[PDB]
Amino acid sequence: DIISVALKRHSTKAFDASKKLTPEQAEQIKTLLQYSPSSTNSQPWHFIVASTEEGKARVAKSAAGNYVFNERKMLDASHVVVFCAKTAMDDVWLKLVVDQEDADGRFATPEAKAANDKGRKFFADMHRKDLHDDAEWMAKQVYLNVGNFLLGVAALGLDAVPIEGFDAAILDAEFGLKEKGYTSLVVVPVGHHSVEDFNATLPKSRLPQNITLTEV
């Protein structure tokens, strides 16, 4: 039951470095990242999946500064996912997306494909041209991917923690992201908690629905 998964998952504070994802789970987490929904199927994202000691150490340099409490989590987890957003929405990317929708068989006609593209360009143009907020818009889609991911990995039986406490400038510099048209937003270590994970045995806490929720 998915509600059980939602009530029992927790942000892991310490990982067991000896406990790896199975090779199958390593495929499955990639499936989760790929198949997340996004506004217009824009998919304005890149993922770095660090599973080696060298890879994880490159990521963990971003947990300099006031972010040392997060450094261990990045080193000790099995797999570490960096969620990145595109920095700008370009026409090359929009063509890639609609051509993929076509290859996958989503259009009965050429007309239907043209209309999909006109629809997507119109909607994207609203963000880059009029509102000038396309970076924020694309970032939101990435956070949506994260949310999907966290419940997904919980449902697979894996521990994880979302991390905003890192220096994106360091991480971007380390993987040359700016030059490739991306910026890091969230880091998610995935694995199995250790005995040092104090949050594993703490009760979960949320505001009551009588504050956060209205029915009409």
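Note that residue numbering follows the sequence shown and begins at 1.
Enquirer: Between 49-57 and 32-40, which has the higher average C-alpha B-factor in the PDB entry?
Expert: It is 49-57.
Enquirer: Going by the mean C-alpha B-factor recorded in the entry, which is higher: 71-79 or 103-111?
Expert: On average, C-alpha B-factors are higher across 103-111.
Enquirer: Highest Cα B-factor in the PDB entry belongs to which of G191, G176, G152, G165?
Expert: Of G191, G176, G152, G165, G176 has the highest C-alpha B-factor.
Enquirer: Among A26, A64, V161, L185, which carries the highest Cα B-factor?
Expert: It is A64.
Enquirer: By the recorded C-alpha temperature factor, relative to the other modelled residues in its chain, which third is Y143 in?
Expert: Ranked within chain, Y143 CA B lands in the lowest tercile.
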